[PDB]
Amino acid sequence: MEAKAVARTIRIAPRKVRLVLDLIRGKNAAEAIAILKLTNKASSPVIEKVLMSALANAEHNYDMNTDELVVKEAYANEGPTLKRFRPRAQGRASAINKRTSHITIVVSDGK
Amino acid sequence: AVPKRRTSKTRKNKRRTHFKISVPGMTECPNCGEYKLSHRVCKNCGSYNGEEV
Amino acid sequence: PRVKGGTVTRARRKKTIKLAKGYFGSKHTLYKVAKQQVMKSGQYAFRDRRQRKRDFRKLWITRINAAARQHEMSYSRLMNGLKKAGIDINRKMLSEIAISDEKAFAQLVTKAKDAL
Amino acid sequence: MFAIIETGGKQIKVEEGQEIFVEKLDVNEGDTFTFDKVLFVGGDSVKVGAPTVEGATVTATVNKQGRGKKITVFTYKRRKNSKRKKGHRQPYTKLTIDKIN
Amino acid sequence: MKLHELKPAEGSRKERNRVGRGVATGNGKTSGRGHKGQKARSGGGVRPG
Amino acid sequence: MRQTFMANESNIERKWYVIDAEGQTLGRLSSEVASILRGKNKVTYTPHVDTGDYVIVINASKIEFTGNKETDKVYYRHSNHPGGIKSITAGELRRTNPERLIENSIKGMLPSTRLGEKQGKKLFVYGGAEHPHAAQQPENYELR
Amino acid sequence: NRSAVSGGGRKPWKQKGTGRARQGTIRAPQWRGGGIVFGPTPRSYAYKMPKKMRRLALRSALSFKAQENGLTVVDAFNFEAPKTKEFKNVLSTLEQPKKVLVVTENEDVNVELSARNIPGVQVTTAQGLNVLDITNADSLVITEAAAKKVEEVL
RNA sequence: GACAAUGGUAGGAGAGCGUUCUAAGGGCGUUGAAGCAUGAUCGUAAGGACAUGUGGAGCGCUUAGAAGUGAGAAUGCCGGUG
RNA sequence: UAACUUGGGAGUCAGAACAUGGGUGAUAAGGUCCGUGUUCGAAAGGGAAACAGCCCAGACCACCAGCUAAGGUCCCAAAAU
RNA sequence: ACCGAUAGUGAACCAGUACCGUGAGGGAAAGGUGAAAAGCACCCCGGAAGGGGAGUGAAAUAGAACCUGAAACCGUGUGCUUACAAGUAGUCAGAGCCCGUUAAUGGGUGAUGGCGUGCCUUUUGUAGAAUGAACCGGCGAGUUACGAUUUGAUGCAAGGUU
Ligand SMILES: [Mg+2]
Ligand SMILES: [Mg+2]
Ligand SMILES: [Mg+2]
Ligand SMILES: [Mg+2]
Ligand SMILES: [Mg+2]
Ligand SMILES: [Mg+2]
Ligand SMILES: [Mg+2]
Ligand SMILES: [Mg+2]
Ligand SMILES: [Mg+2]
Ligand SMILES: [Mg+2]
Ligand SMILES: [Mg+2]
Ligand SMILES: [Mg+2]
Ligand SMILES: [Mg+2]
Ligand SMILES: [Mg+2]
Ligand SMILES: [Mg+2]
Ligand SMILES: [Mg+2]
Ligand SMILES: [Mg+2]
Ligand SMILES: [Mg+2]
Ligand SMILES: [Mg+2]
Ligand SMILES: [Mg+2]
Ligand SMILES: [Mg+2]
Ligand SMILES: [Mg+2]
Ligand SMILES: [Mg+2]
Ligand SMILES: [Mg+2]
Ligand SMILES: [Mg+2]
Ligand SMILES: [Mg+2]
Ligand SMILES: [Mg+2]
Ligand SMILES: [Mg+2]
Ligand SMILES: [Mg+2]
Ligand SMILES: [Mg+2]
Ligand SMILES: [Mg+2]
Ligand SMILES: [Mg+2]
Ligand SMILES: [Zn+2]
């Protein structure tokens, strides 16, 4: 049985978010929580909140036992991009992409 | 100097082969059971080497 | 009345891309470079339908030469002897015989040597 | 036992009960066809035609009159705005060898 | 005659030629004008006579 | 109708031969050995697979040259460093490394393909009359 | 066209040096929002043919009706008031097809008004006969007076 | 049935495919239109069907008529994304 | 087996190598300019290692059939150690 | 037998607006929930954003730039495959492995062998180290009027035609 949670339009670049997701994909929930708490990257607290929300609805909506759950899926899709500019020398402007991520966590009991 | 040819997906991902981070060096706190960074105070319980900090 | 571009363009480009299925990278993905490769594929296939006949005749001749030398005869003299004997078995059949039953090929070789 | 038969400007090595594909014959499905050009008969008793084994025959049953898989013949000459695309399906006759001689 | 079965007299109608619509027509690209010069230009060509 | 036999690894049988270089001309021995290694002597020759046999060449040190090749045939190599040409004469190479002489002569008569590399790896050359491959039970092969 | 589209007076950027394609107006045809090249322009599609051919065409359509047996001659229409129901009954009793062209000698107000709302029924006069109406109809229902007038004219 | 021809740039000639709209006839569609997606389908080519999924209200076919009727390139224009 | 006449529609007016008859140049040039022929241009296929212009030869489509051309036949690499 | 949101007005929308310029002046982008707002009570994780249930609804995979939702491009998983090899990336030949279709002398992959220097433009000649294109999508070029000439078609004909 599976439970899902999504954080949509997090203002962090998907490349960056996926660096951290690659660490927790497929691990036990408690180990993943520890990894996120002790990994020093900007997306760790956000990913942690997605994971805790998924575990919470595993417990509440599906009465799953949270101590048997594994991170079955973890991934970041691209959200809409905020388009910005930076003034450069000699009157020119250059684009700045403030990218966003949709972060999905799926936890599973394997049954 | 500028790229003479664009970089293919294959080449970009080959280059990114080694672009990754590692799991932290962490162990279970002997006092409270929570994970901690080795050689660091445990933030959950504030203990290090069996004593409060 | 105005005729907007519509669907024909996408339909045509999709046909070309699907024809490029299996190609490397951009060549199974982007219409222009897939079109180019599909063109090259057509030209190559036309050329190779002709080259394949040459190639298989060459393979058959090599196998016949090996069999003949096993019977102490060169390919050239074996073919001359078969011609003089009136035997019209082509190189494909001669090779397949040499592979599949040596006794029949030995009889053919004896016919050739007798003709010479 | 096998035979070398000539048909459709080619030569085919056949054994009884084998399915073969040849250039379209002028026959109907379910008919019996007779190959009268036997160049060679091999096996226990070997017969060498010069060119044809006299009186030797191979009978077959016509299973199918089909058309080969589509070939897209495409050619072009670069920079000359010159290309040509054609389709082709080569007719064929599928038979099963019943009897040699 | 019927309005759903109209037919012009044989040979009375012919489809117009359209240039500059691809190589297969034989009037693609240069659209039958050849290559360069005054006569290849939009509005080009000398006065009659 | 397609009926051409194709060898594949399930039905290929590679034998072992021994060929004596003594009294043989380098190039002529070499061309015959190369044919053997490629399998051109088998009725089941199939170009996209190795249908050849293993060859051991003995008495490589007794291979012979005609003319003045012993002193005048020069083997050059380049180290990919500027001015990095090195040369060795055919006679000196026969003196100091006859195995290499025979091997390069034969391998130069094999295609520069992955398959040609593999086929050339089935060659074993020895300067003397002994080889360490009694376990493979090789048969003597007479040239020509 | 490029002249009629609003704006576009100035050259968008200098001819040389910028690295861009040269452009002369933001309203050129390859520009989004630009002027249209050629395209429709108001005009008439009407043309003429010789009068003898007009008459031959009318006769040919009428003869085609007469040969397909889609010509019914009636003595007269004695309609005092418009009544679609009565005209519908008259058509059914005459056993007419769905598409009927009714021809009167002159404008017949009551016949026109009674037939006006019936799908497939068109009304005309002898003078008003035309190839499209005749050809479209499956059957023609013509009064004797109208038939004589048509015969006179053609 | 025979046997003759069929490389091709500029360019001439011919026969066709497809797009939007109109007329007439004849049809389809909430028991699911168009569009989109996938498929191992058919035609000598342009291209034409069929099945399933998505979609949720319009669309084929025949004959004829008319054109803003077909893009891969213009340091093309606009948008999106590398 | 063409030819000519009349009418509708063109494109073309930068040519190249090779061989050969000549001028020019220096019996120089992958030079330049005329005559003659072929090929390329607008011609794929085989040979000449690769190689528009050389040698063979003009591809309507299909075949895992046969004979030849130039050129070849020890191995690469088909065919004479 | 006019357009249908890159079209049609510059402007379907709070447009001569935003924005740019000292000024004259230049000058955009931007339409669509649903039949009905019935526009998600309540519970749960979270500071919030966001989400998972529950419910409304025919549909929420119609939940607010909310009909459909192509491509480029970015991810996750996986059947086959790959770390001795020299690649215009295919084509022809071909084992092994994995599948099973509009059922067709099937589909996916590809050890290994032969052959093979993109396309367009412009050129005597271009793999060219000449030009052009980052990619994908949309848009983007012989038209119309009036005369002339020729051919086809049709009507009438020493007449034909307004
Ligand atoms: Mg400044
Ligand atoms: Mg329209
Ligand atoms: Mg378009
Ligand atoms: Mg041939
Ligand atoms: Mg046409
Ligand atoms: Mg042409
Ligand atoms: Mg073009
Ligand atoms: Mg012209
Ligand atoms: Mg041009
Ligand atoms: Mg010109
Ligand atoms: Mg630039
Ligand atoms: Mg406009
Ligand atoms: Mg020809
Ligand atoms: Mg023309
Ligand atoms: Mg257009
Ligand atoms: Mg472009
Ligand atoms: Mg000359
Ligand atoms: Mg030219
Ligand atoms: Mg021969
Ligand atoms: Mg050989
Ligand atoms: Mg607008
Ligand atoms: Mg739209
Ligand atoms: Mg506008
Ligand atoms: Mg919806
Ligand atoms: Mg939507
Ligand atoms: Mg390896
Ligand atoms: Mg290959
Ligand atoms: Mg030049
Ligand atoms: Mg330059
Ligand atoms: Mg230029
Ligand atoms: Mg460029
Ligand atoms: Mg583009
Ligand atoms: Zn602790």
Side-chain angles (χ1 to χ4, degrees), chain A residues 3-8 14 18 49 52-53 56-57 60-61 73 75-78, chain B residues 6, chain C residues 1-8 10 23-24 27 30 32 36-37 40-41 44-45 47-48 51-53 55-56 58 61-62 74-76 90 92, chain D residues 9-11 21 23 66 71 73 78-80 82 85-88 90 94, chain E residues 2-7 9 11-12 14 19-22 24 31-32 34-35, chain F residues 1-4 6 8-9 27-28 30-31 34-35 47-49 109-111 113-115 144, chain G residues 6-7 10 19-21 29-34 36-41 43 50 52-53 56 136:
Chain A
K4 178 169 65 170
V6 184
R8 292 209 159 89
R18 293 193 277 239
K49 281 194 169 187
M52 299 306 297
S53 189
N57 37 49
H60 177 266
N61 299 336
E73 294 174 354
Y75 51 94
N77 288 324
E78 300 176 336
Chain B
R6 70 184 201 168
Chain C
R2 173 168 182 264
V3 184
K4 68 203 312 306
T7 68
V8 296
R10 177 171 45 239
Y23 298 176
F24 175 86
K27 290 179 182 260
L30 318 180
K32 291 166 188 173
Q36 286 175 198
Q37 199 54 62
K40 293 287 281 192
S41 287
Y44 280 150
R47 174 249 270 158
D48 287 339
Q51 287 196 150
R52 176 172 64 213
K53 299 150 172 61
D55 296 337
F56 272 86
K58 174 195 302 309
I61 284 165
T62 302
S74 61
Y75 167 91
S76 179
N90 67 28
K92 178 176 171 179
Chain D
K10 264 90 79 181
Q11 299 175 8
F21 302 79
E23 298 295 344
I71 299 169
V73 182
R78 62 177 159 194
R79 301 188 292 265
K80 304 313 178 192
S82 188
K85 185 184 185 183
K86 313 189 79 50
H88 181 90
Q90 183 64 4
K94 180 195 183 183
Chain E
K2 302 288 189 56
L3 294 181
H4 52 279
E5 299 172 349
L6 299 172
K7 276 285 167 64
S12 67
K14 173 146 80 179
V19 302
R21 295 301 187 279
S31 298
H35 285 284
Chain F
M1 187 179 170
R2 299 190 159 193
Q3 313 190 269
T4 299
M6 290 290 166
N8 57 62
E9 197 62 40
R28 292 165 187 278
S30 290
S31 52
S35 301
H48 63 276
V49 296
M109 303 180 189
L110 296 172
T113 62
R114 312 190 186 199
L115 183 57
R144 294 290 182 88
Chain G
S6 71
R10 70 177 60 169
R20 300 280 314 262
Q30 78 278 12
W31 289 66
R32 174 185 180 278
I36 310 309
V37 177
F38 305 136
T41 185
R43 59 191 171 111
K52 286 171 187 173
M53 295 176 69
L56 177 57
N136 187 49

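Just so it is clear: chains get the letters A, B, ... in the order the sequence lines come, proteins before strands, and each one is counted from 1. The figures here come from the full heavy-atom set of this structure, side chains too, leaving out hydrogens, waters and symmetry mates.
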> Near which groove is the side chain of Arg32(G), major or minor, with base atoms closer than 5.0 Å?
Replying inline: minor
The side chain of [X] lies closest to which of these nucleotides: [options]?
X	options	value
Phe38(G)	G142(J), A48(J), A45(H)	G142(J)
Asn90(C)	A43(I), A65(I), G76(H)	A65(I)
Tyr75(A)	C120(J), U69(H), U76(J)	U76(J)
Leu30(C)	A65(I), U75(H), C135(J)	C135(J)
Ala21(G)	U75(H), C36(H), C92(J)	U75(H)
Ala56(A)	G68(H), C44(J), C76(I)	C44(J)
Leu115(F)	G113(J), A1(J), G51(J)	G113(J)
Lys40(C)	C77(H), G118(J), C63(I)	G118(J)
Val37(G)	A111(J), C76(I), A141(J)	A141(J)
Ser53(A)	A79(I), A77(I), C45(J)	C45(J)

Is [N] on the north side or the south side, where north means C1'-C2'-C3'-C4' is positive?
N	result
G32(H)	south
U6(J)	south
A60(J)	south
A14(I)	south
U131(J)	north

Counting only Watson-Crick or G-U wobble pairs whose two distances fall under 3.5 Å, which nucleotide matches [N]?
N	value
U38(H)	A51(H)
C3(J)	none
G34(J)	none
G31(I)	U24(I)
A4(H)	none
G75(J)	none

Between [N] and [X], counting only base atoms on the nucleotide and side-chain atoms on the residue, is there a donor-acceptor pair under 3.5 Å?
X	N	value
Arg52(C)	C64(I)	no
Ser31(F)	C75(I)	no
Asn61(A)	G53(J)	no
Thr113(F)	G113(J)	no

Are the six-membered base rings of [N] and [M] centred less than 5.5 Å apart, with their planes inclined by less than 30 degrees?
N	M	result
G43(H)	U44(H)	no
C63(I)	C64(I)	no
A26(I)	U27(I)	no
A54(J)	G55(J)	yes
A29(J)	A30(J)	yes

Pair test for [N] and [M]: Watson-Crick or G-U wobble, both under 3.5 Å:
N	M	answer
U112(J)	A93(J)	yes
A64(H)	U22(H)	yes
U30(H)	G58(H)	no
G65(H)	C21(H)	yes
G125(J)	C156(J)	no
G37(I)	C18(I)	yes
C59(H)	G18(H)	no
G76(H)	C139(J)	yes

>> Which is more 5' along RNA chain H, the nucleotide nearest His88(D) or the one nearest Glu5(E)? Just name the residue.
In response: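 Closer to the 5' end of RNA chain H: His88(D).
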>> Need to verify one output field. Residue with the more 5' nearest nucleotide on RNA chain H, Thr7(C) or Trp31(G)?
In response: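 In this pair, the answer is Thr7(C).
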> To the nearest 0.5 Å, what is the distance between CG (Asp55(C)) and CG (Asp48(C))?
Replying inline: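 Between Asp55(C) CG and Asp48(C) CG, I get 8.0 Å after rounding to 0.5 Å.
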> Can you tell me how far the CD atom of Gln36(C) sits from the CG atom of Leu30(C), to the nearest 0.5 Å?
Replying inline: 10.5 Å
Spacing between [X] atom [atom1] and [N] atom [atom2], to the nearest angstrom:
X	N	atom1	atom2	value
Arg114(F)	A111(J)	CZ	P	8 Å
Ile61(C)	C64(I)	CD1	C1'	13 Å
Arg21(E)	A45(H)	CZ	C1'	20 Å

> For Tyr44(C) and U91(J), do the ring centres fall under 5.5 Å apart while the planes stay under 30° apart?
Replying inline: no
